[PDB]
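Listed next as structure tokens is one chain, alone, in the form deposited in one PDB entry.
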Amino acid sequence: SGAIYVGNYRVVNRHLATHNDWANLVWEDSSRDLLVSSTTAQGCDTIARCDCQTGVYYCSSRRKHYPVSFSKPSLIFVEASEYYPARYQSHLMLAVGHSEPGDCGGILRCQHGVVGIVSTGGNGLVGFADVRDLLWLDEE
């Protein structure tokens, strides 16, 4: 579990979105596994606007932050997980690290703020769902 809290927006894994998230929907994309909902209180997070390929992500299934190199956001094939089938997922970055289903929503950060959240795992990779292209997270 986990969420990016930027202005009056909450960014979660679409597959973990709550009834409240859907009741206060701003934007969703199943192909990216992202959903954005509106918040009453403002958020403590800043979004990275950058082409960084090195950062630190939180792994809940290890209680640990791990420094990682990660690929640029691409359309990638992703093997069947407990929360999705084997399928293509867009705007996805892969690093070499540990990711179990429960790890989804853990933050990846670089020197520029929040890059994205955990979304995929298995075979010793961790996929992150980039949010740097979502320019509208920083307005309105």
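Shifts are known only where both forms have a C-alpha. So that there is no doubt, residue numbering starts at 1 and follows the sequence shown. We call the rigid core whatever largest set of C-alpha positions still superposes within 1.5 Å between the two forms.
Beyond what is shown, the protein has a form deposited with a small molecule bound; the following relates to that form.
Student: With a cut-off of 4.5 Å between heavy atoms, is residue 49 one of the residues that contacts the small molecule in the entry with it bound?
Tutor: Flag for residue 49 set to no.
Student: Determine whether any heavy atom of residue 43 comes within 4.5 Å of a heavy atom of the small molecule in the entry with it bound, and answer yes or no.
Tutor: No.
Student: Identify which of 81, 39, 90, 60 has its C-alpha displaced by 2 Å or more between the shown form and the other one once the rigid core is superposed.
Tutor: By this measure, the answer is 81.
Student: Residues present in both forms, rigid core superposed: which consecutive runs of three or more show CA displacements of 2 Å or more between the shown form and the other one?
Tutor: Run moving 2 Å or more: only 79-87.
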